[PDB]
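Source file: run_30.cif; contents: mmCIF, N, CA and C atoms.
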data_final
loop_
_atom_site.label_atom_id
_atom_site.label_comp_id
_atom_site.auth_asym_id
_atom_site.auth_seq_id
_atom_site.Cartn_x
_atom_site.Cartn_y
_atom_site.Cartn_z
N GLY A 181 -29.53 33.41 35.15
CA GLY A 181 -29.84 34.81 35.56
C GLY A 181 -29.19 35.18 36.89
N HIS A 182 -29.74 36.20 37.54
CA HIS A 182 -29.22 36.66 38.83
C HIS A 182 -27.74 37.01 38.72
N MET A 183 -27.45 38.18 38.16
CA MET A 183 -26.07 38.63 37.99
C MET A 183 -25.91 40.06 38.51
N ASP A 184 -24.71 40.40 38.99
CA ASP A 184 -24.45 41.74 39.47
C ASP A 184 -24.70 42.74 38.36
N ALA A 185 -24.68 44.00 38.73
CA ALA A 185 -24.94 45.08 37.80
C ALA A 185 -23.74 46.01 37.69
N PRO A 186 -23.51 46.61 36.50
CA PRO A 186 -22.40 47.53 36.31
C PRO A 186 -22.39 48.62 37.37
N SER A 187 -21.37 49.46 37.33
CA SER A 187 -21.23 50.54 38.29
C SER A 187 -20.59 51.77 37.65
N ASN A 188 -20.50 52.83 38.44
CA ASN A 188 -19.89 54.07 38.02
C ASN A 188 -20.22 54.46 36.59
N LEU A 189 -21.45 54.88 36.37
CA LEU A 189 -21.85 55.31 35.05
C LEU A 189 -21.19 56.65 34.78
N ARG A 190 -20.25 56.65 33.85
CA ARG A 190 -19.48 57.83 33.51
C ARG A 190 -19.78 58.25 32.09
N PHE A 191 -19.29 59.42 31.72
CA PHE A 191 -19.48 59.93 30.37
C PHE A 191 -18.15 60.24 29.71
N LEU A 192 -17.97 59.76 28.48
CA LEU A 192 -16.73 60.00 27.74
C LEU A 192 -16.79 61.39 27.12
N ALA A 193 -17.25 61.43 25.88
CA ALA A 193 -17.41 62.67 25.15
C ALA A 193 -18.90 63.01 25.10
N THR A 194 -19.30 64.26 24.81
CA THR A 194 -20.72 64.57 24.77
C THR A 194 -21.05 65.46 23.58
N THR A 195 -22.02 65.03 22.78
CA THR A 195 -22.43 65.77 21.59
C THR A 195 -23.76 66.49 21.81
N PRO A 196 -24.05 67.53 20.99
CA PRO A 196 -25.29 68.33 21.09
C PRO A 196 -26.58 67.50 21.14
N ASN A 197 -26.47 66.18 20.97
CA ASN A 197 -27.66 65.31 21.01
C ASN A 197 -27.26 63.86 21.17
N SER A 198 -25.98 63.66 21.34
CA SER A 198 -25.45 62.33 21.56
C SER A 198 -24.67 62.33 22.85
N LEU A 199 -24.47 61.17 23.42
CA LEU A 199 -23.79 61.11 24.70
C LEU A 199 -23.03 59.81 24.92
N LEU A 200 -21.72 59.91 25.13
CA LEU A 200 -20.90 58.75 25.39
C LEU A 200 -20.86 58.49 26.88
N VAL A 201 -20.87 57.23 27.25
CA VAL A 201 -20.88 56.84 28.65
C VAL A 201 -19.97 55.65 28.90
N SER A 202 -19.40 55.60 30.09
CA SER A 202 -18.47 54.57 30.46
C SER A 202 -18.77 54.03 31.85
N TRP A 203 -18.85 52.72 31.96
CA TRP A 203 -19.17 52.10 33.22
C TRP A 203 -18.13 51.08 33.63
N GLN A 204 -18.33 50.56 34.82
CA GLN A 204 -17.47 49.53 35.37
C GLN A 204 -18.24 48.21 35.35
N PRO A 205 -18.00 47.35 34.33
CA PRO A 205 -18.69 46.07 34.19
C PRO A 205 -18.91 45.39 35.53
N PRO A 206 -20.02 44.65 35.68
CA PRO A 206 -20.35 43.97 36.93
C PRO A 206 -19.26 42.98 37.37
N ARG A 207 -19.56 42.17 38.39
CA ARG A 207 -18.57 41.22 38.92
C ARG A 207 -18.89 39.78 38.53
N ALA A 208 -19.43 39.61 37.34
CA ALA A 208 -19.78 38.29 36.84
C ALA A 208 -19.61 38.22 35.33
N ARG A 209 -19.37 37.02 34.82
CA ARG A 209 -19.19 36.82 33.39
C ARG A 209 -20.43 37.23 32.64
N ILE A 210 -20.23 37.93 31.53
CA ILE A 210 -21.33 38.42 30.73
C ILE A 210 -20.95 38.43 29.25
N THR A 211 -21.96 38.41 28.39
CA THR A 211 -21.72 38.38 26.95
C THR A 211 -22.54 39.42 26.22
N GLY A 212 -22.99 40.41 26.96
CA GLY A 212 -23.75 41.48 26.39
C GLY A 212 -24.19 42.48 27.43
N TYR A 213 -24.74 43.59 26.98
CA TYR A 213 -25.21 44.63 27.87
C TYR A 213 -26.46 45.29 27.31
N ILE A 214 -27.18 45.96 28.18
CA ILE A 214 -28.35 46.72 27.80
C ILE A 214 -28.16 48.13 28.27
N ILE A 215 -28.58 49.09 27.48
CA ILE A 215 -28.45 50.46 27.91
C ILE A 215 -29.61 51.29 27.45
N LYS A 216 -30.38 51.74 28.42
CA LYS A 216 -31.51 52.56 28.12
C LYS A 216 -31.23 53.97 28.51
N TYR A 217 -32.07 54.84 28.02
CA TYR A 217 -31.98 56.24 28.34
C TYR A 217 -33.35 56.88 28.41
N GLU A 218 -33.45 57.80 29.35
CA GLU A 218 -34.69 58.47 29.66
C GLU A 218 -34.58 59.98 29.66
N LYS A 219 -35.74 60.60 29.59
CA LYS A 219 -35.86 62.05 29.61
C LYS A 219 -37.17 62.44 30.26
N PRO A 220 -37.25 63.63 30.88
CA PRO A 220 -38.48 64.09 31.51
C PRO A 220 -39.61 64.24 30.50
N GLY A 221 -40.66 63.43 30.64
CA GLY A 221 -41.79 63.53 29.72
C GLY A 221 -41.90 62.37 28.74
N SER A 222 -40.77 61.78 28.36
CA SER A 222 -40.79 60.66 27.42
C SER A 222 -40.22 59.38 28.04
N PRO A 223 -40.78 58.20 27.69
CA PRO A 223 -40.31 56.91 28.22
C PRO A 223 -38.95 56.52 27.65
N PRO A 224 -38.21 55.64 28.35
CA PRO A 224 -36.90 55.19 27.92
C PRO A 224 -36.89 54.40 26.63
N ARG A 225 -35.69 54.35 26.09
CA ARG A 225 -35.37 53.66 24.88
C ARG A 225 -34.11 52.86 25.12
N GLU A 226 -33.71 52.07 24.15
CA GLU A 226 -32.55 51.24 24.32
C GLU A 226 -31.53 51.41 23.20
N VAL A 227 -30.27 51.45 23.60
CA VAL A 227 -29.18 51.57 22.68
C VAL A 227 -29.13 50.32 21.84
N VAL A 228 -29.27 50.50 20.56
CA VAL A 228 -29.30 49.39 19.63
C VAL A 228 -28.33 49.58 18.47
N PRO A 229 -27.66 48.49 18.05
CA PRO A 229 -27.81 47.16 18.65
C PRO A 229 -27.15 47.03 20.02
N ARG A 230 -27.66 46.09 20.83
CA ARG A 230 -27.12 45.83 22.15
C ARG A 230 -25.59 45.80 22.12
N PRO A 231 -24.92 46.47 23.08
CA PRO A 231 -23.46 46.51 23.13
C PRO A 231 -22.81 45.14 23.14
N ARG A 232 -21.52 45.12 22.86
CA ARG A 232 -20.73 43.92 22.83
C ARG A 232 -20.16 43.64 24.22
N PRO A 233 -19.64 42.43 24.47
CA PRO A 233 -19.07 42.03 25.75
C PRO A 233 -17.59 42.37 25.87
N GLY A 234 -17.22 43.04 26.95
CA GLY A 234 -15.83 43.41 27.14
C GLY A 234 -15.63 44.90 26.99
N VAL A 235 -16.69 45.58 26.58
CA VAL A 235 -16.67 47.01 26.40
C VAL A 235 -17.27 47.68 27.62
N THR A 236 -16.65 48.76 28.03
CA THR A 236 -17.05 49.48 29.22
C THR A 236 -17.48 50.88 28.89
N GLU A 237 -17.94 51.05 27.68
CA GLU A 237 -18.37 52.34 27.24
C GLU A 237 -19.27 52.22 26.02
N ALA A 238 -20.28 53.08 25.99
CA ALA A 238 -21.24 53.10 24.91
C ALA A 238 -21.73 54.51 24.66
N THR A 239 -22.11 54.75 23.43
CA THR A 239 -22.57 56.04 23.01
C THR A 239 -24.06 55.98 22.77
N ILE A 240 -24.71 57.09 23.03
CA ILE A 240 -26.13 57.18 22.86
C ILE A 240 -26.49 58.39 22.03
N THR A 241 -27.12 58.14 20.90
CA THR A 241 -27.51 59.20 19.99
C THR A 241 -29.02 59.41 19.96
N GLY A 242 -29.43 60.52 19.35
CA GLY A 242 -30.84 60.83 19.21
C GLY A 242 -31.46 61.49 20.44
N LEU A 243 -30.70 62.34 21.13
CA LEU A 243 -31.20 63.01 22.31
C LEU A 243 -31.71 64.40 21.97
N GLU A 244 -31.99 65.17 23.01
CA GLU A 244 -32.46 66.54 22.89
C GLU A 244 -31.58 67.46 23.73
N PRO A 245 -31.32 68.69 23.25
CA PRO A 245 -30.48 69.65 23.95
C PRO A 245 -31.07 70.17 25.23
N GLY A 246 -30.19 70.72 26.05
CA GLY A 246 -30.61 71.26 27.33
C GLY A 246 -31.40 70.26 28.13
N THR A 247 -31.19 68.98 27.84
CA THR A 247 -31.92 67.93 28.52
C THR A 247 -31.00 66.86 29.08
N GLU A 248 -31.19 66.54 30.36
CA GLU A 248 -30.37 65.53 31.00
C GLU A 248 -31.09 64.19 30.95
N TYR A 249 -30.55 63.29 30.14
CA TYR A 249 -31.12 61.97 30.00
C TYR A 249 -30.60 61.04 31.07
N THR A 250 -31.44 60.10 31.46
CA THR A 250 -31.12 59.12 32.48
C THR A 250 -30.93 57.75 31.85
N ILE A 251 -29.72 57.22 31.98
CA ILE A 251 -29.39 55.94 31.40
C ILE A 251 -29.44 54.79 32.39
N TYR A 252 -29.98 53.68 31.91
CA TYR A 252 -30.05 52.45 32.68
C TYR A 252 -29.19 51.42 31.98
N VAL A 253 -28.09 51.01 32.57
CA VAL A 253 -27.24 50.04 31.91
C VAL A 253 -27.20 48.74 32.69
N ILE A 254 -27.40 47.67 31.95
CA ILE A 254 -27.51 46.34 32.50
C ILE A 254 -26.48 45.38 31.91
N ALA A 255 -26.31 44.24 32.58
CA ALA A 255 -25.42 43.20 32.10
C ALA A 255 -26.24 42.03 31.60
N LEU A 256 -25.84 41.49 30.47
CA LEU A 256 -26.55 40.41 29.86
C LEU A 256 -25.74 39.13 29.79
N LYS A 257 -26.47 38.05 29.64
CA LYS A 257 -25.91 36.71 29.52
C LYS A 257 -26.83 35.87 28.64
N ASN A 258 -26.77 36.09 27.33
CA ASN A 258 -27.62 35.38 26.38
C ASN A 258 -29.07 35.83 26.56
N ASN A 259 -29.29 37.13 26.35
CA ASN A 259 -30.61 37.75 26.48
C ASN A 259 -31.02 37.90 27.95
N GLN A 260 -30.35 37.15 28.81
CA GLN A 260 -30.61 37.23 30.25
C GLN A 260 -29.98 38.49 30.76
N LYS A 261 -30.54 39.08 31.81
CA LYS A 261 -30.00 40.32 32.29
C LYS A 261 -29.93 40.44 33.81
N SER A 262 -29.11 41.39 34.24
CA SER A 262 -28.85 41.70 35.64
C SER A 262 -29.57 42.97 36.06
N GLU A 263 -29.31 43.36 37.30
CA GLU A 263 -29.85 44.58 37.84
C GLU A 263 -29.25 45.76 37.07
N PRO A 264 -29.88 46.95 37.12
CA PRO A 264 -29.39 48.11 36.39
C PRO A 264 -28.41 49.00 37.13
N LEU A 265 -27.72 49.79 36.33
CA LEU A 265 -26.76 50.76 36.77
C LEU A 265 -27.09 52.05 36.03
N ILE A 266 -27.64 53.01 36.76
CA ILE A 266 -28.12 54.25 36.17
C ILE A 266 -27.27 55.48 36.46
N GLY A 267 -27.39 56.44 35.54
CA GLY A 267 -26.71 57.72 35.63
C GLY A 267 -27.23 58.64 34.54
N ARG A 268 -27.45 59.91 34.87
CA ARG A 268 -28.00 60.86 33.91
C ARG A 268 -27.07 62.04 33.64
N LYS A 269 -27.34 62.73 32.52
CA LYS A 269 -26.58 63.89 32.10
C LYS A 269 -27.17 64.50 30.85
N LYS A 270 -26.76 65.73 30.60
CA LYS A 270 -27.24 66.51 29.47
C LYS A 270 -26.28 66.50 28.29
N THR A 271 -26.85 66.69 27.12
CA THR A 271 -26.10 66.69 25.87
C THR A 271 -25.27 67.96 25.73
#

Using the file provided, produce a representation of the structure as structure tokens.
Amino acid sequence: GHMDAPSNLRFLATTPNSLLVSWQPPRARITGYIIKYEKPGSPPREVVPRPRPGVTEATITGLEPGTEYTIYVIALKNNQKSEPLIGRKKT
């Protein structure tokens, strides 16, 4: 455990209820990632299945319009995880 966390949570393309995001992988070897998303009033969820290693972008579906969701993206190492890297935006 104890691994750095991704950075610069960016957004690729954005759909009326889906949202693509792009980050800068942490500074340590990893074999997976976690990505949650939040909204005012409802608790976070996780992008499933967990992203693959080597990818610096993920899409998030199942959102709501006119709503800026807050994403928490983490680095994994065999279910093990690092600190989060968050960023929010609207669909």

From chain A, collect each residue whose DSSP state is strand (DSSP E) and return the set as a PyMOL selection string.
chain A and resi 187-190+199-204+212-219+222-226+237-240+248-256+265-270

What's around residue 213 in chain A at 10 Å? Count only C-alpha atoms, leave out sequence neighbours fewer than 5 positions away in its own chain, and write the answer as a list in words.
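Once the adjacent positions are removed, what remains is residues 185, 186, 205, 227, 229, 230, 231, 232, 233, 234, 235, 236, 238, 253, 254, 255, 256, 257, 258, 259, 260, 261 and 262 of chain A.
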
Let me make sure I understand: among A:216, A:228, A:210, A:222, which one has the smallest atom-to-atom distance to residue 251 in chain A if we use only C-alpha atoms?
A:216

Enter the distance from CA of residue 212 in chain A to atom N of residue 240 in chain A, in Å, rounded to one decimal.
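Between CA of residue 212 in chain A and atom N of residue 240 in chain A the gap is 16.0 Å.
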
Using all atoms listed in the file, which of the listed residues (A:224, A:187, A:197, A:218) sits closest to residue 268 in chain A?
A:218

Straight-line distance linking CA of residue 221 in chain A with CA of residue 245 in chain A, stated in Å to one decimal:
14.1 Å

Just want the 8 Å neighbourhood of residue 244 in chain A, counted on all atoms listed in the file, with same-chain residues fewer than 6 positions away dropped. Output as a PyMOL selection string.
chain A and resi 196-198+270-271

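Candidate residues A:226, A:194, A:201, A:214 were compared for distance to residue 239 in chain A, and the nearest is A:201, using only N, CA and C atoms.
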
Just give me the gap between atom N of residue 215 in chain A and atom N of residue 247 in chain A in Å, one decimal is fine.
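These two atoms are separated by 20.1 Å.
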
Near residue 269 in chain A, within 8 Å and counting all atoms listed in the file, which residues show up once chain neighbours fewer than 5 positions away are dropped, as an MDAnalysis selection string?
chainID A and resid 199 246:251

Generate the output file for the selected residues, N, CA and C atoms, as a compact mmCIF listing (two decimals), in the frame of the given file.
# COMPACT_ATOMS: atom_id res chain seq x y z
N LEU A 199 -24.47 61.17 23.42
CA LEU A 199 -23.79 61.11 24.70
C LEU A 199 -23.03 59.81 24.92
N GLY A 246 -30.19 70.72 26.05
CA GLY A 246 -30.61 71.26 27.33
C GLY A 246 -31.40 70.26 28.13
N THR A 247 -31.19 68.98 27.84
CA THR A 247 -31.92 67.93 28.52
C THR A 247 -31.00 66.86 29.08
N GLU A 248 -31.19 66.54 30.36
CA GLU A 248 -30.37 65.53 31.00
C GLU A 248 -31.09 64.19 30.95
N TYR A 249 -30.55 63.29 30.14
CA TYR A 249 -31.12 61.97 30.00
C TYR A 249 -30.60 61.04 31.07
N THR A 250 -31.44 60.10 31.46
CA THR A 250 -31.12 59.12 32.48
C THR A 250 -30.93 57.75 31.85
N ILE A 251 -29.72 57.22 31.98
CA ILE A 251 -29.39 55.94 31.40
C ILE A 251 -29.44 54.79 32.39

Do you know which residues are at most 7 Å from residue 189 in chain A counting only N, CA and C atoms, after dropping those on the same chain fewer than 4 positions away, and could you put them as number ranges by chain?
A: 201-204, 265-267

Calculated over only C-alpha atoms, which of the candidates A:243, A:188, A:182, A:195 has the smallest distance to residue 219 in chain A?
A:243
